[PDB]
Amino acid sequence: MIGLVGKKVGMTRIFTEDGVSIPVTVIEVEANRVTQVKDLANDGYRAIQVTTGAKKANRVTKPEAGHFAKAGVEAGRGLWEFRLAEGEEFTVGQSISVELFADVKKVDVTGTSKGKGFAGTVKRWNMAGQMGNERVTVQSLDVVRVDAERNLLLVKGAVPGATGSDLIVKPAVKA
Amino acid sequence: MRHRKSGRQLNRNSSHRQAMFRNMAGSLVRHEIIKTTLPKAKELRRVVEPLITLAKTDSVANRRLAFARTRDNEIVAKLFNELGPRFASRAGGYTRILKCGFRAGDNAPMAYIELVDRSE
RNA sequence: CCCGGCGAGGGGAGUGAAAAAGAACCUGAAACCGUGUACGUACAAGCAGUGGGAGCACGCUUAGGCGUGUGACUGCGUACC
RNA sequence: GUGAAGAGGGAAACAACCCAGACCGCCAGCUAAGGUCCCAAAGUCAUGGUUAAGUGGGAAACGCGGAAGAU
RNA sequence: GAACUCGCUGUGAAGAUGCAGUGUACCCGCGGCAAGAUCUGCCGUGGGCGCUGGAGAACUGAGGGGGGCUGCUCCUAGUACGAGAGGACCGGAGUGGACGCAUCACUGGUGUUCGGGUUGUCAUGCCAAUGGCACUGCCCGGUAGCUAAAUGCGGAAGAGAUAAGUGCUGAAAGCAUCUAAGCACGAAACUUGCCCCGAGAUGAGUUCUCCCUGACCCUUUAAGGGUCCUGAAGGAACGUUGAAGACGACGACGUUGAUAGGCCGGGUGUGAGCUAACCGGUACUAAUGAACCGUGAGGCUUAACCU
Numbered sequence: 001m002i003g004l005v006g007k008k009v010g011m012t013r014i015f016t017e018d019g020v021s022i023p024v025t026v027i028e029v030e031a032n033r034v035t036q037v038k039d040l041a042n043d044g045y046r047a048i049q050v051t052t053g054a055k056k057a058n059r060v061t062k063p064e065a066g067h068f069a070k071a072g073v074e075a076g077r078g079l080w081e082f083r084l085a086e087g088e089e090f091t092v093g094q095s096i097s098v099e100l101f102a103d104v105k106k107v108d109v110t111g112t113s114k115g116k117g118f119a120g121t122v123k124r125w126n161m162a163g164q165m166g167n168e169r170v171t172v173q174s175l176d177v178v179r180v181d182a183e184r185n186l187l188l189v190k191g192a193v194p195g196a197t198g199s200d201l202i203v204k205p206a207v208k209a
Numbered sequence: 001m002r003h004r005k006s007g008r009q010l011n012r013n014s015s016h017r018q019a020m021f022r023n024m025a026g027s028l029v030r031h032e033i034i035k036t037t038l039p040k041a042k043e044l045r046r047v048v049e050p051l052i053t054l055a056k057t058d059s060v061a062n063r064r065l066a067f068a069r070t071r072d073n074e075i076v077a078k079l080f081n082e083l084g085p086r087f088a089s090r091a092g093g094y095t096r097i098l099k100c101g102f103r104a105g106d107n108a109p110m111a112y113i114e115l116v117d118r119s120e
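The listed protein sequences correspond, in order, to chains D and N. Heads up: the first sequence is residues 1 to 126, 161 to 209, going by the authors' numbering. The second sequence begins at 1 in the authors' numbering and counts up by one.
Given below as structure tokens:
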């Protein structure tokens, strides 16, 4: 329905409620302000593009400052698109957190991987290319901790995100 | 590899590179100023700043470690007595590097490394 | 006389018919390497040329559609011994 | 008969198939073989039918089947 | 011999880059893979230009690619069907395996840049105590990162369209029939459903934002040319650099500062000390002032709106 964009704080094996060390990911949940909403008439489709974080004005150039002023929100780390559920429409300016995500236990995660240089053929194929640093589509994950006070989203297993790299979490429909 | 790595490789023998670092640090501290290429200049600064920072604390163990890493009686004798009080207020960044173009013989970039005070 | 390194080389002045005769020294074509001139080419497939060909600059009958330089393109075209 | 030692035109190219022996030039017309829905030039011509299977547009002998073929 | 040196199909003194048909491809480079290494072929990555005023990003997105793997058990169930015996649609749930994607926190390996033990020799006026050489002299552990021997997701479900097959009713031909009339279900086979690239898709796409709002002269008389001034938005080369990197390229900082180095504190390691790469603070140092490219309103034709 609506996704979130954040960063990978860490990935460790935390004790379960029963008291068993289980792999779990540490993902921060930053309040993603709504910047622009698309419509099927003006642009041909309806979807919401949001922003996360807050970057200094030095990096942001004045045309982007005007774009964000149109959006009515401060400039952040960037813009991330999210498909609308084809039903209710949100409003520009508000921000969302994990909130209702604790109702599916099938949320998907997207992100990058380790920074890995162009590797040799022998070590990568056993024909020179790159591995990692690509968008990941691991799916069918289960949420573990949904504590919104800490603004941390925890899911089962590992997360496809490098240290300090951006990532997205969406209410998947696959399994 | 090539990511989150501290210290340029400077392909050489490990013991040889350690000996060269020790000799270069000794020469620079003796002359108070040296001319070295930037790739080696940055490593020189990184490996010499810890010694001057440790020189602030005067103790038998500290003097033994300084002599162990320096192997020069005069250098250890002059240390812990002059550089310490001179940069007592300063905490870090005791040296500065200024580029000086390139060497004509082998197009090797060169840079002067010298103490920030540089005198007095 | 000047630049240049107190060299090499070059540029002014002069001699010299002539220095587009300067000691690498009569005249100085091609193969090979550059600059500028005018034209085309960054969505278009193959012995690369052949007839047609609008345009792009110039001189011409001072237009009257002539040529020089080229060809975006079109039909055809599978080196020599 | 051809090539050897004949160009040119048609068949998708194809030396062996068909028409057809170039003195040269000319921005004319008429024809041979082969074609007239285009690419690519010419009737989407006329008369009565077969073909309804894309056979046409690749396949024998054999009893409509035979028919499987060029990644 | 010269090249403006593509793939497939057909012919071919017989595997055709040069022949006929057909499809694709902006031009020019760097590093690899060697199918036929000068060249063609495939992957990663760049410089010039176009998308028609310039720049900045965000995406619809045609199109291409990754995969439709699999054993067992459970209420169903020794139940319906089946004469007894035999024995389901179930495909809902969990549980292993081969593989890709992802992370070192648990298992550890590596981690010659961290610490400790120690043999021979030399050196510090000499003991203690330290350093070089002997593969890091030889060993014991190990910070950060990378690792499989560690686990996280997985091969969907569903939908469209289906071949064969199965059909509700039913004549021509007082019957039957999947068909002639009305007129359906349906393979694991195709597509979609998840994601990567992707508008160089030259058909060159859509959304928003910021900026350029001077003058003069000439000609062969127009998307004409030239001169002084202007140098906007935006971008890049330098300076600090990175979990991006062979070189390119991308991201962050750049005195309106934690971008890099060092210092303090915390933690780990080693064994009260040293602590490289782990985290918070600190301008103490390096990151400047500047310079360069980039405009002066955007061409023509048709239609609807106020004039």
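Every residue gets a Cβ at the ideal spot worked out from N, C-alpha and C, and that includes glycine.
Cβ-heavy atom distance between residue 119(N) and the ligand COA below 7 Å? Among the components of this structure there are no ligands whatsoever, and the ligand COA is therefore not found.
At a CB-CB cut-off below 8 Å, which residues of chain N make contact with residue 117(D)? 1, 2, 3
Please report the straight-line C-alpha distance between residue 26(D) and residue 188(D), rounded to a whole angstrom. 5 Å
Comparing C-alpha positions only, which one of 12(N), 80(N), 44(N), 37(N) sits nearest to residue 100(N)? 37(N)
State the CB to CB distance for the pair residue 58(N) and residue 84(N), rounded to an integer number of angstroms; the pair is presumed to be in contact (CB under 8 Å). 7 Å
Reference residue 45(D), options 10(D), 83(D), 70(D), closest by Cα: 83(D)
Return the residue from the list 98(N), 6(N), 69(N), 31(N) that minimises the CA-CA distance to residue 21(N). 69(N)
Identify which residue in 13(N), 104(N), 29(N) has its Cα closest to the Cα of residue 76(N). 29(N)
Is the stretch 72-87 of chain D touching the stretch 47-56 of chain D in the sense that three or more CB pairs, one from each, lie closer than 8 Å? yes
Using DSSP with H/G/I as helix, E/B as strand and the rest coil, what is residue 123(D)? helix
When 108(N), 102(N), 87(N), 49(N) are compared against residue 117(N), the one with the closest alpha-carbon: 87(N)
Quick one: measure Cβ to Cβ for residue 112(N) and residue 35(N), integer angstroms, because I've assumed they're closer than 8 Å. 6 Å
Decide if residue 3(D) is buried, meaning its Cβ has at least 16 other Cβ atoms within 10 Å, or exposed. buried
Quick check on residue 60(N): buried or exposed, where buried means 16 or more other Cβ atoms within 10 Å of its Cβ? exposed
Which residues in the same chain have their Cβ closer than 7 Å to the Cβ of residue 74(D), if we skip the five residues on either side of it in sequence? 54, 68
Which residue wins for smallest C-alpha separation from residue 2(N), given the options 70(D), 118(D), 200(D), 172(D)? 118(D)
Residue 106(D) to residue 46(N) span [Cα, whole Å]: 49 Å
Can you tell me whether DSSP reads residue 75(N) as helix, strand or coil? helix
Are the CB atoms of residue 112(D) and residue 169(D) nearer to each other than 8 Å? yes
How would you label residue 195(D), buried or exposed, when you count the other beta carbons within 10 angstroms and need 16 or more for buried? buried
Nearest-angstrom Cα distance between residue 205(D) and residue 30(D)? 17 Å
Mind pulling the beta strand (DSSP E) runs of 3 or more residues that sit fully within the stretch 49-83 of chain D? 80-83
With C-beta atoms as the reference, is residue 5(D) less than 8 Å away from residue 28(D)? no
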